[PDB]
Protein chains: 2
Amino acid sequence: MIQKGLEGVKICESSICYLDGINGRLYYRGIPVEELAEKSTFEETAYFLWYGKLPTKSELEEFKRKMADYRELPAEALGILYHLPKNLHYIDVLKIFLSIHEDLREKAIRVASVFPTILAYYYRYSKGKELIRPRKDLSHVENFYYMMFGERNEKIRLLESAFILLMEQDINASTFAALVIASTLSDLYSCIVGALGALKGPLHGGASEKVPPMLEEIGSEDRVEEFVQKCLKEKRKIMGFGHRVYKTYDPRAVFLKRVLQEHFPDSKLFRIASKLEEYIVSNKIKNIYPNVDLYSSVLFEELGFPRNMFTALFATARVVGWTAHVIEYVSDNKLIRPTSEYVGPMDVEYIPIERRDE
Amino acid sequence: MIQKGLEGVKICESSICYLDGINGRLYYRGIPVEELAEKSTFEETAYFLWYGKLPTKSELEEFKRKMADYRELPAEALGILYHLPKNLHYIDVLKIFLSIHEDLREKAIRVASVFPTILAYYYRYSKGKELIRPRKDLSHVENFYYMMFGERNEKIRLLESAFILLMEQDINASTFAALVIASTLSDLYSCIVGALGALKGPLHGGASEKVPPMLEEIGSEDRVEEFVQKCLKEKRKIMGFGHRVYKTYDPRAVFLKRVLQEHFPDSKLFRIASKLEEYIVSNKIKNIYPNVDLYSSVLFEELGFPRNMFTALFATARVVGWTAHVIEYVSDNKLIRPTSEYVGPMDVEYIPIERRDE
């Protein structure tokens, strides 16, 4: 029997996250994701994911100073930056800088802390602007926004909630890629670089970069019905919808939809995305619902980030989940090595080249 | 039920390679791997793996000229090279250069053609030597050896046989990593970079870099018994032995053992490795046998390659298999997204920081 796609296959035991696809609920070590997205911060939730408990006032304070002290890129990395092309995709930029050369958890903390610096530096560089060094007096998210635009805004809160919602979600394709690589006992950077590659795909995190163009292709709320029907006929995948586990609304999508409704109700992109959901759900089209990529992409756009950084923004948060899983998994490691059903030829002879059918 | 490690799980149908773990046989599209390793060449077997048929005289000639025409690194890549640290691991070097920005098969052919150039250039650079540009009048393997050492030797034939033996082997960890990433419809480079990360692990291709040091740790044939017994007591993994599928001798290991016996019988490393096999197999220790990593590593050492390039040498060949699988799989794609058994806490409340247990 072939189990293509591995749907429903449990590849490990985990206490990190419970994904309730039937009721559309997501929990980080027992706490509802929306509670954290609303009441927590990047550092506090990351601490919770890595350490297994909410930090006390002093623990959080010390942890925030730790992450803030890990935001620098080595001097040599900076040298490489100024010799890179200025039109690279941000996911690839991350791969590059992660590939230049308990303790594993300390390593995870450090790599996560530098992600925003890599993105911000490349952004400034690619646009010929002076670099804005990390500020130790700013939080992880505040600082990212500042290294990007040299200013601070209330919108930062919305971005922080978004990161929290995207930090973790069981064994999705990118987390699974990190686990397969981690199962060979390879280094943490290698696991992350593979995860990045998977997250980049249009059938995974990359769908976030495809949504904006799709929404524009639709054009307006009046053209939604026609676009959807066309997609069904052509068997074209509607980006921002569908999921392997959720059999109903994606709680992260619901949360972000509310964010947009409350802060960017007049966004043309949001209006179209909202109408698309209305049509697909009200008509029960394929029994599919919006997934987080539909609204996270719209929020990132409205917050002023480049479209080719959307997947990297997802990674900036999900790196926490990826590393948490790698750490947990290897604590009792098992090489992941499946197989296939052979359907090819048998007993084929090597024919000397001069006797081969012309 | 949990299926940790995915042993025996068929994740797809494939006509590329048949792995007979029970009888210790390996076939590439129906042809025994040792037949190809003995009678074929890198380009001919790669052609066979990608196109599904042995090439005619003219097809092989044209294919060899094609690969030879794809050996150059873009001018910008060269700029980056001279700003990189000189102590990077070769697998990481490959990641870097693959991350700087039918047709998929054409892409696979081009990437495979440049692998040796990346390795040779970094080798020369790291050692402060002048680069030796790819020579279009030389074969894929001949040229690699020449860009590395600026000379041609008969030993090249042994290296070519080794590459052929390592080009492909069903759904191993690195091929699987490439497939997981490929299932999201990510780009070919991303799939390869993830595969590289997995191959690098000590429980996978990386075992090849661990063998030499292990052999030296043993010291001599007289100390083999003591070392093995010690490993059993400490539950230490004996590198170069064991396999998920082979329940007996690894045909590639057998082939390479003969190569060493015929060309480097007096190699101290070979003598130790041979004695290790004798003791483990004759005493039926854990019913394990040598895998290809035991002898491929010894051959690479005797051929004069740096130990931290051994896994990259494996990749130089296996990239053919990785890409062949990606191409085949996505022709009828299916997102790979498993799950886990949740064993963590439930119904946990978010306690305001001021009320948390100090």
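Residues numbered from 1 in each chain as written, not as in the entry; some residues may be left out. Chains lettered and ligands numbered in written order. Heavy atoms only, no water.

Method information in the entry identifies X-ray crystallography as the source of the structure, with 1.90 Å recorded as the resolution.

A few points about the domain arrangement of chain A
Residues and elements named next belong to chain A. Heads up, the rule is: Those domain boundaries reflect an automatic or database domain assignment. By definition in these notes, contact holds between two residues if any of their heavy atoms fall within 4.5 Å. Once two parts are joined, some of their accessible surface, as seen by a 1.4 Å probe, is lost; buried area is that loss totalled over both. Salt bridges, as used here, are contacts in which a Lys or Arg side-chain nitrogen is within 4 Å of a carboxyl oxygen on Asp or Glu.
Examined at the domain level, chain A breaks down into domain 1 (12–205 + 304–336) and domain 2 (206–303). Between domain 1 and domain 2, the C-alpha centre-to-centre distance is 25 Å. At the interface, 39 residues of domain 1 touch 31 residues of domain 2. Taking both sides of the interface into account, the surface hidden between domain 1 and domain 2 amounts to around 2700 Å²; carbon and sulfur atoms contribute 63%. When residues of domain 1 are sorted by the area they lose upon contact with domain 2, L158, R307 and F310 head the list and together hold 25% of the total. The interface formed by domain 1 and domain 2 contains two salt bridges. Of the charged contacts, one joins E216 and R307 as a salt bridge, the two residues approaching to 2.6 Å between their closest N and O atoms.

A few points about the packing of helix α5 (residues 90–98) of chain A against helix α16 (residues 310–330) of chain A
Residues and elements named next belong to chain A. To keep things clear, this is the line we draw: As a rule, the C-alpha atoms of each element are fitted with a line to give its axis, helices using only the stretch in contact, and angles between N-to-C directions run from 0 to 180 degrees. Helix and strand assignments come from DSSP, with helices taken as H or I runs of at least 4 residues and strands as E runs of at least 2, each series counted from the N terminus. With respect to orientation, any angle under 35 degrees is reported as roughly parallel, any angle over 145 as roughly antiparallel, any angle of 65 to 115 as roughly perpendicular, and every other angle as oblique. Basically, the charged four are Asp, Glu, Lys and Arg, the nonpolar ten are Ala, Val, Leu, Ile, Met, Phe, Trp, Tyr, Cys and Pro, and anything else, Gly included, counts as polar.
Where α5 meets α16, the closest approach of the two axes is 7 Å, and the angle between their N-to-C directions is 45°. Comparing the axis directions of α5 and α16 gives the class oblique. Of the residues in α16, those touching α5 at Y90, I91 and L94 are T311, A312 and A315. For the contact of α5 with α16, the residue count by class is five nonpolar, one polar and no charged.

Observations concerning the UniProt feature "active site" (unreviewed entry) in chain A
Our working rule: UniProt positions are given in the numbering used here, feature names are shortened, and annotations may be inferred rather than shown by experiment. Any N or O atom pair separated by 3.5 Å or less is treated as a polar contact, with the protein-specific requirement of one donor-capable and one acceptor-capable atom, and with residues adjacent in sequence counted only for side-chain atom pairs.
Look at the UniProt record and you will see "active site" (unreviewed entry) annotated at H243(A) and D293(A). Spanning 51 residues, the annotated positions come together in the fold, the maximum distance between their C-alpha atoms being 10.6 Å. If you trace the backbone, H243(A) turns up in the loop between α12 (224–234) and α13 (251–263). Ignoring anything within four residues of it in the chain, the contact list for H243(A) reads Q169(A), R252(A) and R337(B). Reaching out from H243(A), the side chain makes a polar contact with the side chain of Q169(A) at a distance of 3.2 Å. By secondary structure assignment, the location of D293(A) is in helix α15 (residues 292–302). Filtering out sequence-adjacent residues up to four positions away, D293(A) remains in contact with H204(A), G205(A), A207(A), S208(A), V211(A), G240(A) and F314(A).

Describing the relation of the copies chain A and chain B
We apply this condition: Alignment of copies: least-squares superposition over the C-alpha atoms.
Take chain A, turn it by 180°, move it 0.0 Å along the axis, and it overlays chain B with an RMSD of 0.0 Å. In short, the pair behaves as if placed about a two-fold rotation axis. The C-alpha atom lying nearest the rotation axis in chain A is that of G194(A); the distance is 1.9 Å. Counting the interface residues of chain A, we find that 100% of their copies in chain B are interface residues as well, pointing to one common contact surface.

A short note on the sheet that holds strand β3 (residues 25–28) of chain A
Residues and elements named next belong to chain A. Applicable threshold: Here a strand pair is declared whenever DSSP counts at least two bridges between the two strands.
In space, the three strands of this open sheet follow the order β2-β3-β4, with antiparallel pairing throughout. In this open sheet, the two edge strands, each paired with only one partner strand, are β2 (17–20) and β4 (31–32). For β2 and β3, the ladder comprises four bridges, and the chain directions are antiparallel. If you follow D20 over to β3, its bridge partner there is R25.

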